[PDB]
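File shown: query-v4.cif (mmCIF, C-alpha atoms and all ligand atoms).
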```cif
data_structure
loop_
_atom_site.group_PDB
_atom_site.id
_atom_site.type_symbol
_atom_site.label_atom_id
_atom_site.label_comp_id
_atom_site.auth_asym_id
_atom_site.auth_seq_id
_atom_site.Cartn_x
_atom_site.Cartn_y
_atom_site.Cartn_z
ATOM 1 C CA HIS Q 9 15.374 3.824 14.377
ATOM 2 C CA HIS Q 10 15.145 7.596 14.976
ATOM 3 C CA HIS Q 11 12.340 9.362 13.173
ATOM 4 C CA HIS Q 12 10.098 12.414 13.176
ATOM 5 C CA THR Q 13 6.357 12.521 12.672
ATOM 6 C CA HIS Q 14 4.370 15.162 10.843
ATOM 7 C CA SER Q 15 0.893 15.815 9.495
ATOM 8 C CA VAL Q 16 -0.648 18.042 6.910
ATOM 9 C CA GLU Q 17 -4.131 19.477 6.693
ATOM 10 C CA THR Q 18 -5.793 18.905 3.333
ATOM 11 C CA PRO Q 19 -9.202 19.569 1.897
ATOM 12 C CA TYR Q 20 -10.100 15.965 2.726
ATOM 13 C CA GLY Q 21 -8.682 15.827 6.269
ATOM 14 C CA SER Q 22 -5.293 15.440 7.938
ATOM 15 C CA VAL Q 23 -2.784 12.780 6.993
ATOM 16 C CA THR Q 24 0.250 11.691 9.054
ATOM 17 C CA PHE Q 25 3.695 10.793 7.800
ATOM 18 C CA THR Q 26 6.867 9.617 9.492
ATOM 19 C CA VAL Q 27 10.362 10.430 8.201
ATOM 20 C CA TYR Q 28 13.437 8.255 8.612
ATOM 21 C CA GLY Q 29 16.921 9.021 7.347
ATOM 22 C CA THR Q 30 17.896 12.225 5.524
ATOM 23 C CA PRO Q 31 17.249 13.514 2.020
ATOM 24 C CA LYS Q 32 20.098 13.629 -0.429
ATOM 25 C CA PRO Q 33 20.664 15.729 -3.550
ATOM 26 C CA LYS Q 34 20.762 12.968 -6.119
ATOM 27 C CA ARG Q 35 18.061 10.768 -4.895
ATOM 28 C CA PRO Q 36 14.374 10.115 -4.576
ATOM 29 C CA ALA Q 37 12.560 9.584 -1.333
ATOM 30 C CA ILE Q 38 11.177 6.145 -0.651
ATOM 31 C CA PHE Q 39 7.478 6.946 -0.023
ATOM 32 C CA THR Q 40 5.204 4.247 1.384
ATOM 33 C CA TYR Q 41 1.433 3.735 1.623
ATOM 34 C CA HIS Q 42 0.028 0.846 3.582
ATOM 35 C CA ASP Q 43 -2.955 -1.500 3.067
ATOM 36 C CA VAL Q 44 -6.406 -1.635 4.648
ATOM 37 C CA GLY Q 45 -6.240 -2.766 8.246
ATOM 38 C CA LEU Q 46 -2.597 -1.865 8.737
ATOM 39 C CA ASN Q 47 -0.518 1.210 9.291
ATOM 40 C CA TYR Q 48 3.064 1.920 8.249
ATOM 41 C CA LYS Q 49 4.563 -0.114 11.116
ATOM 42 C CA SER Q 50 2.355 -3.229 10.793
ATOM 43 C CA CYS Q 51 2.629 -3.101 7.001
ATOM 44 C CA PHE Q 52 6.297 -2.156 6.406
ATOM 45 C CA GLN Q 53 8.416 -2.522 9.592
ATOM 46 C CA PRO Q 54 9.139 -6.216 9.093
ATOM 47 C CA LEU Q 55 10.558 -5.483 5.627
ATOM 48 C CA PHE Q 56 12.185 -2.123 6.274
ATOM 49 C CA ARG Q 57 13.907 -3.191 9.450
ATOM 50 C CA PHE Q 58 15.029 -6.557 8.025
ATOM 51 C CA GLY Q 59 18.797 -6.443 8.385
ATOM 52 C CA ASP Q 60 19.622 -6.826 4.687
ATOM 53 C CA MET Q 61 16.986 -4.238 3.758
ATOM 54 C CA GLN Q 62 18.421 -1.736 6.265
ATOM 55 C CA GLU Q 63 21.676 -2.056 4.286
ATOM 56 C CA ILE Q 64 19.866 -1.415 0.983
ATOM 57 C CA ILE Q 65 17.767 1.557 2.143
ATOM 58 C CA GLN Q 66 19.953 3.227 4.773
ATOM 59 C CA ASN Q 67 20.997 6.177 2.585
ATOM 60 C CA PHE Q 68 17.455 6.932 1.314
ATOM 61 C CA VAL Q 69 15.095 9.197 3.130
ATOM 62 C CA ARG Q 70 11.889 7.267 3.866
ATOM 63 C CA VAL Q 71 8.448 8.892 4.170
ATOM 64 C CA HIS Q 72 5.872 6.503 5.630
ATOM 65 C CA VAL Q 73 2.266 7.555 5.316
ATOM 66 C CA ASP Q 74 -0.478 6.642 7.785
ATOM 67 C CA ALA Q 75 -3.850 7.081 6.118
ATOM 68 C CA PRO Q 76 -6.251 9.323 7.996
ATOM 69 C CA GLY Q 77 -7.365 7.613 11.194
ATOM 70 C CA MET Q 78 -4.771 4.840 10.936
ATOM 71 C CA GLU Q 79 -1.921 6.575 12.751
ATOM 72 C CA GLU Q 80 -0.942 5.220 16.151
ATOM 73 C CA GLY Q 81 -3.413 6.660 18.685
ATOM 74 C CA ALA Q 82 -5.920 7.897 16.047
ATOM 75 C CA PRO Q 83 -9.272 8.958 17.412
ATOM 76 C CA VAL Q 84 -12.204 7.014 16.070
ATOM 77 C CA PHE Q 85 -14.107 9.173 13.621
ATOM 78 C CA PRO Q 86 -17.780 9.681 14.679
ATOM 79 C CA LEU Q 87 -20.240 7.407 12.872
ATOM 80 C CA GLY Q 88 -21.419 9.167 9.740
ATOM 81 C CA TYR Q 89 -17.963 10.573 8.977
ATOM 82 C CA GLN Q 90 -17.314 10.617 5.249
ATOM 83 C CA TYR Q 91 -13.938 9.079 4.688
ATOM 84 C CA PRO Q 92 -11.858 10.111 1.662
ATOM 85 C CA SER Q 93 -12.135 8.140 -1.552
ATOM 86 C CA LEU Q 94 -8.921 6.446 -2.741
ATOM 87 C CA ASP Q 95 -8.670 9.242 -5.317
ATOM 88 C CA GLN Q 96 -8.960 11.835 -2.567
ATOM 89 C CA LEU Q 97 -6.259 10.015 -0.560
ATOM 90 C CA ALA Q 98 -3.985 10.228 -3.628
ATOM 91 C CA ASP Q 99 -4.809 13.950 -3.829
ATOM 92 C CA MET Q 100 -3.279 14.481 -0.346
ATOM 93 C CA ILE Q 101 0.133 13.345 -1.493
ATOM 94 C CA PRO Q 102 1.069 16.605 -3.195
ATOM 95 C CA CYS Q 103 0.441 18.329 0.168
ATOM 96 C CA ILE Q 104 2.835 15.995 1.972
ATOM 97 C CA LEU Q 105 5.530 16.379 -0.692
ATOM 98 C CA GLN Q 106 5.084 20.132 -0.800
ATOM 99 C CA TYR Q 107 5.468 20.349 3.002
ATOM 100 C CA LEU Q 108 8.712 18.337 2.787
ATOM 101 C CA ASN Q 109 9.794 19.925 -0.497
ATOM 102 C CA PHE Q 110 10.583 16.469 -1.939
ATOM 103 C CA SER Q 111 10.234 16.592 -5.711
ATOM 104 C CA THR Q 112 10.781 12.875 -6.502
ATOM 105 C CA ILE Q 113 9.741 9.562 -4.963
ATOM 106 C CA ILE Q 114 9.912 5.864 -5.406
ATOM 107 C CA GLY Q 115 6.480 4.760 -4.244
ATOM 108 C CA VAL Q 116 6.034 1.454 -2.323
ATOM 109 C CA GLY Q 117 2.382 0.435 -1.743
ATOM 110 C CA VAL Q 118 0.460 -2.627 -0.600
ATOM 111 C CA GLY Q 119 -3.101 -3.278 -1.725
ATOM 112 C CA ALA Q 120 -5.135 -0.089 -1.360
ATOM 113 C CA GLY Q 121 -1.811 1.733 -0.861
ATOM 114 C CA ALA Q 122 -0.616 0.430 -4.242
ATOM 115 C CA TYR Q 123 -3.769 1.806 -5.897
ATOM 116 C CA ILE Q 124 -3.342 5.145 -4.180
ATOM 117 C CA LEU Q 125 0.302 5.537 -5.262
ATOM 118 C CA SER Q 126 -0.548 4.409 -8.826
ATOM 119 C CA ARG Q 127 -3.243 7.086 -8.979
ATOM 120 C CA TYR Q 128 -0.737 9.640 -7.634
ATOM 121 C CA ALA Q 129 1.758 8.617 -10.317
ATOM 122 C CA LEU Q 130 -0.800 9.000 -13.079
ATOM 123 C CA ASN Q 131 -1.660 12.473 -11.686
ATOM 124 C CA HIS Q 132 1.984 13.670 -11.207
ATOM 125 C CA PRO Q 133 4.211 11.432 -13.333
ATOM 126 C CA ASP Q 134 7.181 13.832 -13.325
ATOM 127 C CA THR Q 135 7.553 13.222 -9.533
ATOM 128 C CA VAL Q 136 7.673 9.409 -9.607
ATOM 129 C CA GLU Q 137 10.908 7.627 -10.479
ATOM 130 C CA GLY Q 138 9.416 4.196 -9.879
ATOM 131 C CA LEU Q 139 6.747 2.197 -8.144
ATOM 132 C CA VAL Q 140 6.792 -1.070 -6.192
ATOM 133 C CA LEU Q 141 3.168 -2.284 -6.273
ATOM 134 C CA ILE Q 142 2.294 -5.186 -4.007
ATOM 135 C CA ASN Q 143 -1.173 -6.718 -4.518
ATOM 136 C CA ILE Q 144 -2.308 -3.939 -6.885
ATOM 137 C CA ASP Q 145 -5.890 -4.385 -8.147
ATOM 138 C CA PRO Q 146 -6.760 -1.388 -10.286
ATOM 139 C CA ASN Q 147 -10.266 -2.498 -11.294
ATOM 140 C CA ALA Q 148 -13.524 -1.275 -9.804
ATOM 141 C CA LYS Q 149 -15.829 -4.011 -8.548
ATOM 142 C CA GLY Q 150 -18.405 -4.982 -11.152
ATOM 143 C CA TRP Q 151 -21.940 -6.252 -10.329
ATOM 144 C CA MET Q 152 -20.635 -9.713 -9.830
ATOM 145 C CA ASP Q 153 -17.728 -8.664 -7.635
ATOM 146 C CA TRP Q 154 -20.294 -6.889 -5.493
ATOM 147 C CA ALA Q 155 -22.444 -10.025 -5.450
ATOM 148 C CA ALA Q 156 -19.501 -12.109 -4.217
ATOM 149 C CA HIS Q 157 -18.579 -9.491 -1.614
ATOM 150 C CA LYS Q 158 -22.118 -9.232 -0.247
ATOM 151 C CA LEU Q 159 -22.649 -12.971 -0.133
ATOM 152 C CA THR Q 160 -19.397 -13.447 1.748
ATOM 153 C CA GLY Q 161 -20.512 -10.716 4.164
ATOM 154 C CA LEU Q 162 -23.531 -12.731 5.176
ATOM 155 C CA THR Q 163 -21.258 -15.123 7.078
ATOM 156 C CA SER Q 164 -18.106 -13.049 7.593
ATOM 157 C CA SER Q 165 -17.563 -10.047 9.819
ATOM 158 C CA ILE Q 166 -15.864 -6.887 8.577
ATOM 159 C CA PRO Q 167 -12.616 -7.844 10.278
ATOM 160 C CA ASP Q 168 -12.869 -11.362 8.770
ATOM 161 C CA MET Q 169 -13.246 -9.831 5.320
ATOM 162 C CA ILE Q 170 -10.314 -7.432 5.792
ATOM 163 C CA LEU Q 171 -8.128 -10.371 6.887
ATOM 164 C CA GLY Q 172 -9.276 -12.133 3.701
ATOM 165 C CA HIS Q 173 -8.163 -9.136 1.665
ATOM 166 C CA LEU Q 174 -4.741 -9.330 3.327
ATOM 167 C CA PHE Q 175 -4.131 -13.132 3.552
ATOM 168 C CA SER Q 176 -5.225 -16.264 1.704
ATOM 169 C CA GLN Q 177 -7.955 -18.434 3.254
ATOM 170 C CA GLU Q 178 -5.319 -21.179 3.467
ATOM 171 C CA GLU Q 179 -3.100 -18.941 5.607
ATOM 172 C CA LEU Q 180 -5.978 -17.921 7.805
ATOM 173 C CA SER Q 181 -6.811 -21.572 8.420
ATOM 174 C CA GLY Q 182 -3.255 -22.509 9.289
ATOM 175 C CA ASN Q 183 -2.833 -20.333 12.394
ATOM 176 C CA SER Q 184 0.922 -19.572 11.975
ATOM 177 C CA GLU Q 185 2.264 -17.088 14.605
ATOM 178 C CA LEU Q 186 2.105 -14.320 11.953
ATOM 179 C CA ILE Q 187 -1.552 -14.946 11.143
ATOM 180 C CA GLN Q 188 -2.420 -15.164 14.833
ATOM 181 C CA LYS Q 189 -0.669 -11.817 15.423
ATOM 182 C CA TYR Q 190 -2.369 -10.095 12.493
ATOM 183 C CA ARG Q 191 -5.766 -11.544 13.373
ATOM 184 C CA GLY Q 192 -5.414 -9.838 16.742
ATOM 185 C CA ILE Q 193 -4.209 -6.576 15.195
ATOM 186 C CA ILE Q 194 -7.311 -6.361 12.981
ATOM 187 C CA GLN Q 195 -10.007 -7.996 15.131
ATOM 188 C CA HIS Q 196 -9.058 -5.938 18.178
ATOM 189 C CA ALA Q 197 -7.943 -2.711 16.518
ATOM 190 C CA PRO Q 198 -8.953 0.197 18.645
ATOM 191 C CA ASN Q 199 -9.574 2.162 15.425
ATOM 192 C CA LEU Q 200 -11.376 -0.702 13.648
ATOM 193 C CA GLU Q 201 -14.296 1.639 12.816
ATOM 194 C CA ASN Q 202 -11.793 3.886 10.926
ATOM 195 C CA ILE Q 203 -10.253 0.836 9.254
ATOM 196 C CA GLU Q 204 -13.720 -0.101 8.009
ATOM 197 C CA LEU Q 205 -14.151 3.273 6.298
ATOM 198 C CA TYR Q 206 -10.825 2.791 4.456
ATOM 199 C CA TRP Q 207 -12.061 -0.729 3.490
ATOM 200 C CA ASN Q 208 -15.225 0.803 2.081
ATOM 201 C CA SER Q 209 -13.244 3.373 0.079
ATOM 202 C CA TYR Q 210 -11.095 0.576 -1.297
ATOM 203 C CA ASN Q 211 -14.180 -1.444 -2.262
ATOM 204 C CA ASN Q 212 -15.750 1.601 -3.946
ATOM 205 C CA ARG Q 213 -12.628 2.548 -5.976
ATOM 206 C CA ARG Q 214 -13.057 3.469 -9.638
ATOM 207 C CA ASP Q 215 -11.118 1.906 -12.509
ATOM 208 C CA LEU Q 216 -7.485 2.923 -12.659
ATOM 209 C CA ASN Q 217 -6.315 2.449 -16.206
ATOM 210 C CA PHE Q 218 -2.804 1.151 -16.751
ATOM 211 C CA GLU Q 219 -3.626 1.151 -20.450
ATOM 212 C CA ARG Q 220 -5.837 3.318 -22.620
ATOM 213 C CA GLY Q 221 -6.553 2.623 -26.272
ATOM 214 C CA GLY Q 222 -4.047 -0.266 -25.982
ATOM 215 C CA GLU Q 223 -1.173 1.981 -24.907
ATOM 216 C CA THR Q 224 0.346 1.884 -21.420
ATOM 217 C CA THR Q 225 -0.394 5.003 -19.283
ATOM 218 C CA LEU Q 226 2.392 4.679 -16.693
ATOM 219 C CA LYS Q 227 5.796 5.754 -17.851
ATOM 220 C CA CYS Q 228 7.986 4.851 -14.847
ATOM 221 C CA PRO Q 229 9.632 1.566 -13.869
ATOM 222 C CA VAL Q 230 7.303 -0.700 -11.915
ATOM 223 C CA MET Q 231 7.982 -3.809 -9.873
ATOM 224 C CA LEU Q 232 4.798 -5.872 -9.404
ATOM 225 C CA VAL Q 233 4.646 -8.288 -6.483
ATOM 226 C CA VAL Q 234 2.061 -10.867 -5.493
ATOM 227 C CA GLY Q 235 1.894 -14.269 -3.850
ATOM 228 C CA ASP Q 236 1.064 -17.352 -5.853
ATOM 229 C CA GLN Q 237 -2.506 -18.502 -5.008
ATOM 230 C CA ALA Q 238 -3.025 -15.310 -2.987
ATOM 231 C CA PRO Q 239 -6.175 -13.187 -3.195
ATOM 232 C CA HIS Q 240 -4.849 -10.588 -5.641
ATOM 233 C CA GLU Q 241 -2.829 -12.864 -7.945
ATOM 234 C CA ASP Q 242 -5.123 -12.583 -10.973
ATOM 235 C CA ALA Q 243 -5.280 -8.778 -10.677
ATOM 236 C CA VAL Q 244 -1.477 -8.383 -10.545
ATOM 237 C CA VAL Q 245 -1.026 -10.874 -13.401
ATOM 238 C CA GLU Q 246 -3.463 -8.739 -15.445
ATOM 239 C CA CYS Q 247 -1.566 -5.523 -14.588
ATOM 240 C CA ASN Q 248 1.615 -7.168 -15.820
ATOM 241 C CA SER Q 249 -0.059 -7.773 -19.205
ATOM 242 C CA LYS Q 250 -0.919 -4.047 -19.524
ATOM 243 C CA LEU Q 251 2.341 -2.401 -18.491
ATOM 244 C CA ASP Q 252 5.383 -1.827 -20.666
ATOM 245 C CA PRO Q 253 7.471 -4.962 -20.375
ATOM 246 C CA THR Q 254 10.738 -3.068 -20.914
ATOM 247 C CA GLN Q 255 10.027 -1.054 -17.711
ATOM 248 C CA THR Q 256 8.240 -3.685 -15.605
ATOM 249 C CA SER Q 257 9.308 -6.616 -13.432
ATOM 250 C CA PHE Q 258 6.936 -9.080 -11.820
ATOM 251 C CA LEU Q 259 7.644 -11.300 -8.813
ATOM 252 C CA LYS Q 260 4.983 -13.951 -8.335
ATOM 253 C CA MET Q 261 6.252 -15.452 -5.111
ATOM 254 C CA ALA Q 262 5.731 -19.208 -4.597
ATOM 255 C CA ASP Q 263 5.437 -19.388 -0.823
ATOM 256 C CA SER Q 264 4.720 -15.817 0.262
ATOM 257 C CA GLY Q 265 0.953 -15.888 0.783
ATOM 258 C CA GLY Q 266 -1.019 -12.675 0.854
ATOM 259 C CA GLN Q 267 1.507 -10.262 2.475
ATOM 260 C CA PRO Q 268 4.855 -11.055 0.855
ATOM 261 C CA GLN Q 269 6.530 -8.129 2.591
ATOM 262 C CA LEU Q 270 5.702 -9.830 5.880
ATOM 263 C CA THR Q 271 6.742 -13.423 4.940
ATOM 264 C CA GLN Q 272 9.550 -13.155 2.390
ATOM 265 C CA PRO Q 273 11.504 -10.015 3.248
ATOM 266 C CA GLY Q 274 14.768 -11.680 2.159
ATOM 267 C CA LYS Q 275 13.581 -12.280 -1.396
ATOM 268 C CA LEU Q 276 11.891 -8.895 -1.557
ATOM 269 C CA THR Q 277 15.068 -7.173 -0.330
ATOM 270 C CA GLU Q 278 17.081 -8.542 -3.265
ATOM 271 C CA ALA Q 279 14.320 -7.362 -5.620
ATOM 272 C CA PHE Q 280 14.424 -3.905 -3.985
ATOM 273 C CA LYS Q 281 18.226 -3.853 -4.349
ATOM 274 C CA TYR Q 282 18.039 -4.349 -8.115
ATOM 275 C CA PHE Q 283 15.164 -1.937 -8.481
ATOM 276 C CA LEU Q 284 17.185 0.843 -6.776
ATOM 277 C CA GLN Q 285 20.690 0.027 -8.017
ATOM 278 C CA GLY Q 286 22.257 2.577 -10.279
HETATM 279 MG MG MG Y 1 2.061 17.950 -13.549
HETATM 280 MG MG MG Y 2 -9.822 0.300 -18.448
#
```
How does this structure look as structure tokens?
Amino acid sequence: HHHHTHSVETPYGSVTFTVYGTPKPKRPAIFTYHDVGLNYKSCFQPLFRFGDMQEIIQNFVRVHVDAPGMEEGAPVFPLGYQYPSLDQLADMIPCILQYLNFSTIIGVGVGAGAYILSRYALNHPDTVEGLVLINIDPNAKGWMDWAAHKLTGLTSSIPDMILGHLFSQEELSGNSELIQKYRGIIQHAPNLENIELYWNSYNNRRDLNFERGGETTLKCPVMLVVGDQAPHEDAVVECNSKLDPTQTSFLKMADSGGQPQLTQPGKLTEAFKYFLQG
């Protein structure tokens, strides 16, 4: 698993990205963006290093983004630091791609990462050959979503609420080895204060429109993924109703829970194969 790690300076701060494999003339880069509370390794290593996935992605160059302050070893931003909005995080992507001189990507995002890459694709559609969107929720919180959030926050800590964004309450109750591991990752994150600022940016996101005036806005192939009964199911189901069905696939996974790329890498690998196959 040899790689090389870079960053770029942008008007909204520095962002880190890690490159595996080598670029090739025909082919897009697989470009990933992780969810709140994770980084590229805790979000994507279990999938990307799954043996059957290694086979599928070996000949692609992979560019794995760590959002600002989420990279391994990140300093904790001083309290008061104004963290980029999700839109601003999407606006850093052209800098990364310009630095690498990679003109085309297949974006793979989870949660907030899926929003960010969707925003990027709307901004620069001629650079995106497809998107894999896990747990995408493109809607801003309304008054009532804020009400629910704030009420929950009376009895839940920030880390509790981030774990509830990532996993179903049923999973969190069941103390599987995975959940125990990820509880520790989030609760005890040395950069938890940074993670919280990314959480806030996610919660404050504006509407991202996959349709306008009843017409779909995204023009690339999209593979939607969510767990059945998982926190973001209704949002992903709604996205599926707004995208062009001739260019869209939707895996609602029966037994995946909130982070399907962590629990069902075998099933997701076969999905990835058919998404990338020529
Ligand atoms: Mg353009
Ligand atoms: Mg709308």
**OP:** Go through the chains and note each residue within 10 Å of ligand MG 2 (chain Y), using all atoms listed in the file, then give the set as a ChimeraX atom specification.
**Re:** /Q:146-148,214-222,250
Could the residues in this selection be saved with C-alpha atoms as a PDB file, in the coordinates of the input?
```
ATOM      1  CA  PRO Q 146      -6.760  -1.388 -10.286  1.00  0.00           C
ATOM      2  CA  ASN Q 147     -10.266  -2.498 -11.294  1.00  0.00           C
ATOM      3  CA  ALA Q 148     -13.524  -1.275  -9.804  1.00  0.00           C
ATOM      4  CA  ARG Q 214     -13.057   3.469  -9.638  1.00  0.00           C
ATOM      5  CA  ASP Q 215     -11.118   1.906 -12.509  1.00  0.00           C
ATOM      6  CA  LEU Q 216      -7.485   2.923 -12.659  1.00  0.00           C
ATOM      7  CA  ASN Q 217      -6.315   2.449 -16.206  1.00  0.00           C
ATOM      8  CA  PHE Q 218      -2.804   1.151 -16.751  1.00  0.00           C
ATOM      9  CA  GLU Q 219      -3.626   1.151 -20.450  1.00  0.00           C
ATOM     10  CA  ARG Q 220      -5.837   3.318 -22.620  1.00  0.00           C
ATOM     11  CA  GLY Q 221      -6.553   2.623 -26.272  1.00  0.00           C
ATOM     12  CA  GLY Q 222      -4.047  -0.266 -25.982  1.00  0.00           C
ATOM     13  CA  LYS Q 250      -0.919  -4.047 -19.524  1.00  0.00           C
TER      14      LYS Q 250
END
```
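Near ligand MG 1 (chain Y), the residues found within 9 Å are residues 131, 132, 133, 134 and 135 of chain Q (criterion computed using all atoms listed in the file).
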Judged by only C-alpha atoms, the minimum distance to residue Q:100 among Q:128, Q:58, Q:206, Q:48 is found for Q:128
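Interatomic distance, atom CA of residue Q:223 to atom CA of residue Q:116: 23.7 Å.
Excluding residue Q:144 itself and same-chain residues fewer than 2 positions from it, the residues having an atom within 10 Å of it are residues 117, 118, 119, 120, 121, 122, 123, 124, 125, 126, 140, 141, 142, 146, 147, 232, 233, 234, 240, 241, 242, 243, 244, 245, 246 and 247 of chain Q, counting all atoms listed in the file.
Atom pair atom CA of residue Q:24 / atom CA of residue Q:106 has a distance of 13.8 Å (rounded to one decimal).
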Determine, counting only C-alpha atoms, which protein, DNA and RNA residues have an atom within 12 Å of an atom of residue Q:181; residues of the same chain fewer than 4 positions away are not included. Present the result as a list in words.
residues 168, 171, 172, 175, 176, 177, 185, 187, 188 and 191 of chain Q
Just C-alpha atoms for this one: save the residues we selected as a compact mmCIF listing (two decimals), in the coordinates of the input.
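In the end it all went to part_6.txt:
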```txt
# COMPACT_ATOMS: atom_id res chain seq x y z
CA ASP Q 168 -12.87 -11.36 8.77
CA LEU Q 171 -8.13 -10.37 6.89
CA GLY Q 172 -9.28 -12.13 3.70
CA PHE Q 175 -4.13 -13.13 3.55
CA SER Q 176 -5.22 -16.26 1.70
CA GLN Q 177 -7.96 -18.43 3.25
CA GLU Q 185 2.26 -17.09 14.60
CA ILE Q 187 -1.55 -14.95 11.14
CA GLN Q 188 -2.42 -15.16 14.83
CA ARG Q 191 -5.77 -11.54 13.37
```
Discussion item. Can you tell me which residues surround residue Q:28 at a distance of at most 6 Å, considering all atoms listed in the file, apart from same-chain residues fewer than 3 positions away, and format the answer as a count of residues only?
Written reply: 3
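Taken over the whole file, the PyMOL selection byres (((chain Q and resi 167) around 10) and not hetatm) covers exactly residues 45, 164, 165, 166, 168, 169, 170, 171, 172, 173, 191, 192, 193, 194, 195, 196, 197, 200, 201, 203, 204 and 207 of chain Q.
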_Can you pull out the residues contacting residue Q:65? Cut-off 10 Å, using only C-alpha atoms, and skip same-chain residues under 4 positions away; I want them as a list in words._
residues 29, 38, 56, 57, 60, 61, 69, 70, 277, 280, 281 and 284 of chain Q
To test the calculation: enclose all listed atoms of stretch 149-167 of chain Q in a box whose edges run along x, y and z, add 4 Å on each side, then state centre and edge lengths in Å to one decimal, as lines of an AutoDock Vina configuration file.
```
center_x = -18.1
center_y = -9.6
center_z = -0.4
size_x = 18.9
size_y = 19.1
size_z = 29.4
```
key: Ref. answer, residues at most 12 Å from (10.6, 18.6, 5.6) with all atoms listed in the file, as a ChimeraX atom specification   = /Q:12-16,25-31,37,69-71,103-111
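Atom CA of residue Q:226 sits 23.6 Å away from atom CA of residue Q:150.
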Spatial neighbours of stretch 208-210 of chain Q, max dist 8 Å, only C-alpha atoms, sep filter under 3 positions, as a CSV table (one decimal) with C-alpha atoms, in the frame of the given file:
```
chain,number,residue,atom,x,y,z
Q,44,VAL,CA,-6.4,-1.6,4.6
Q,91,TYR,CA,-13.9,9.1,4.7
Q,92,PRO,CA,-11.9,10.1,1.7
Q,93,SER,CA,-12.1,8.1,-1.6
Q,94,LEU,CA,-8.9,6.4,-2.7
Q,120,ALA,CA,-5.1,-0.1,-1.4
Q,204,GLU,CA,-13.7,-0.1,8.0
Q,205,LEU,CA,-14.2,3.3,6.3
Q,213,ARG,CA,-12.6,2.5,-6.0
```
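With distances restricted to only C-alpha atoms, Q:42 is the closest residue to residue Q:74 from Q:42, Q:149, Q:227, Q:127.
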Counting only C-alpha atoms, the residue among Q:95, Q:270, Q:85, Q:67 that lies closest to residue Q:186 is Q:270
- Up to 7 Å from (-3.0, -13.7, -0.9) in the file's coordinates: name the residues, counting all atoms listed in the file, as a ChimeraX atom specification. /Q:174-176,235,237-240,265-267
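In this comparison, which uses only C-alpha atoms, the residue of Q:231, Q:152, Q:78, Q:129 approaching residue Q:102 most closely is Q:129.
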Judged by all atoms listed in the file, the minimum distance to residue Q:77 among Q:21, Q:53, Q:156, Q:224 is found for Q:21
